[PDB]
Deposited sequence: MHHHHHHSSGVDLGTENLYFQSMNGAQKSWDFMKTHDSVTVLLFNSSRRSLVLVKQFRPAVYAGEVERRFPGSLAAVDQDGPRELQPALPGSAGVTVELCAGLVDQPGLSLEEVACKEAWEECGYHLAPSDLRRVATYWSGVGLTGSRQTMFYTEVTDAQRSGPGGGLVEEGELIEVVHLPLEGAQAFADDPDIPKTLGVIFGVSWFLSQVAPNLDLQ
């Protein structure tokens, strides 16, 4: 086992949340009784000698194609999963100036239809996305335009 990090980006230049779609066999196996699950950009701390926040940026870049500075990130929460791994969620505001193996497709979720999206159970999501989408709307969205 290893620790991990997830990061929720908000792109103010589109009033959108940046998420990723990824294929999970478990969801496929489940729906064969698609396979494509919306998730927060994430990754494990494989590399010995890197800030959590640095792993966040690595994955912000590799998965989502966004440039990020560790200083730009703000810790949102930290928790345990599972055999168990510590995990840390980060949030940061980005703009289009920050915008540019596996099988990951980056996604943009317009704020307007975000909550509707989180609740529609026909679209596989992770708890992360749900909390991400939730925490945002309560803690950040009221302070924005």
Point to revise | Deposited residues without C-alpha coordinates, grouped into stretches that follow sequence order | key: 1 to 34, 68 to 92, 142 to 144, 163 to 171, 217 to 218
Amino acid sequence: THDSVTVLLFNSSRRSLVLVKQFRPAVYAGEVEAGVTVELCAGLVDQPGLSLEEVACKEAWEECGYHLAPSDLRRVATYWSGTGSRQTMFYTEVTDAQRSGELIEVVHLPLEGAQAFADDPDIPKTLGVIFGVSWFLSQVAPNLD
From here on, numbers count along this sequence of modelled residues.
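For the two forms, the rigid core is made up of the largest set of C-alpha atoms that agree within 1.5 Å on superposition.
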Revision key, fill the gap. Comparing 130 to 138 with 19 to 27, larger root-mean-square C-alpha distance from this form in 4 other deposited structures of this protein, core superposed, belongs to 19 to 27
Review point. Fitting on the core, do the C-alphas of 108 to 116 or of 44 to 52 deviate more in 4 other deposited structures of this protein?
Key: 44 to 52
Review point. For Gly101, do at least a third of the other compared PDB entries give no atomic coordinates?
Key: yes
Exercise for review: Report the stretch with the higher mean CA temperature factor, choosing between 35 to 43 and 48 to 56 on the basis of the entry.
Suggested key: 48 to 56
Review point. Comparing 125 to 133 with 10 to 18, where is the mean C-alpha B-factor higher?
Key: 10 to 18
Review point. From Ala26, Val106, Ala77, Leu109, which pick has the Cα B-factor that tops the rest in the entry?
Key: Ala26
Point to revise | Modelled-residue ranking by C-alpha temperature factor, third containing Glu63 | key: lowest
Revision key, fill the gap. Among the modelled residues of its chain, the C-alpha B-factor of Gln115 falls in the third labelled middle
Review point. Once the chain's modelled residues are ordered by C-alpha B factor and cut into thirds, is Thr83 in the lowest, middle or highest one?
Key: highest
